[PDB]
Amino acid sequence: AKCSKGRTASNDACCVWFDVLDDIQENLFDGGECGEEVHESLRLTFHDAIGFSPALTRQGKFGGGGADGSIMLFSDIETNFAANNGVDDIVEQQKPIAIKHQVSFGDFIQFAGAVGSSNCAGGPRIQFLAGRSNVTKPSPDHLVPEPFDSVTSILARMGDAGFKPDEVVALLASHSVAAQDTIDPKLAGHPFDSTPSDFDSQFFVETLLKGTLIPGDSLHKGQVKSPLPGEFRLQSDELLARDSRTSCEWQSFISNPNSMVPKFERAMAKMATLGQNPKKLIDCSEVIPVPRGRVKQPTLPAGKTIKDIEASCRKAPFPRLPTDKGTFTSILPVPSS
């Protein structure tokens, strides 16, 4: 099929997505940047999709429709769930764009996450299927993991949704391009790793450092001490890096950084289709841009040593990494306008 600007797709119904791509790249994402709107859009993929619970369905209760646009269509309900603090900003930015292009909310949310992540250095190229229906119901509350939930709780929730522990760790590669706004609002924009525009393994390294700093005036629910000026640390990430159920796979992204993109891609393709049958969607994956940037070598931050790493994988020692020279410079907050 002939799409706009001389582009083609095997299925004519993919053509619309090239026009959505141009709009979000130029406007929402300020010229194809891996910044604030990308980070928010990637988080939104999870907050929409994870509202899916076979455990509830099996007890004769509504379990949620998964990657169905519900968080957007029913934003008034879902964005007031506690675990959805901070999501309404991006939902309200995205909603009129989906409507103006007459594409479904569920499809738009996943598309924005896939396009956006491809803008990050060394980023993924997530599969993109289209055809999700807008006709759904609001998610039940209490289906989105919180940063104060135990590893047992997070793994049981994610397991109900369909993800093994290794896949939970892979999905958390997203925290390599990520910041917080609502855990400590005064430190809004402080990222989870030193490189929030690079889809790299710094998140996995830096979460294994000993927490030594309270970045603001106090700690807050869901937060623990951070290791580096400018960085923010979630309670949950700290625990998952160190728990025996997840610690080896956490370290695996440091030992074998080349695996991060493929494992994230596979887990995201699954997440993006919770509540859907791919065989009844169309494959518009070719619309997603090809990411740029090499696989970076993970390093220890300037001023840190191996003694600062709380190595937690029983079977295998923490890999030998280079250490950045000199003294550490505080990590810049992520810009937002």
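Note that residue numbering begins at 1 and tracks the sequence as displayed.
Enquirer: So 110-118 or 76-84, which one's hotter by mean CA B-factor in the entry?
Expert: Taking the mean C-alpha B-factor of 110-118 and of 76-84, the larger value falls to 76-84.
Enquirer: Please work out which of 293-301 and 53-61 has the higher mean CA B-factor as recorded in the PDB entry.
Expert: The stretch with the larger average C-alpha B-factor is 53-61.
Enquirer: For the listed 265, 217, 243, 198, which has the peak Cα B-factor recorded in the PDB entry?
Expert: That would be 217.
Enquirer: Ranking the modelled residues of this chain by C-alpha B-factor as given in the entry, is residue 237 in the lowest, middle or highest third?
Expert: Lowest third of the chain for residue 237's C-alpha B-factor.
Enquirer: Taking the values exactly as deposited, rank residue 280 by C-alpha B-factor within its chain and report the matching third: lowest, middle or highest.
Expert: For residue 280, whose C-alpha B-factor we compare with every modelled residue in the chain, the answer is the highest third.
Enquirer: Ranking the modelled residues of this chain by C-alpha B-factor as given in the entry, is residue 221 in the lowest, middle or highest third?
Expert: It falls in the middle third of the chain.
Enquirer: Should residue 165 be placed in the lowest, middle or highest third of its chain by the C-alpha B factor in the entry?
Expert: Within its chain, residue 165 is a lowest-third residue by C-alpha B-factor, going by the deposited values.
Enquirer: Which third, lowest, middle or highest, does the CA B-factor of residue 43 fall in along this chain?
Expert: CA B-factor rank for residue 43: middle third.
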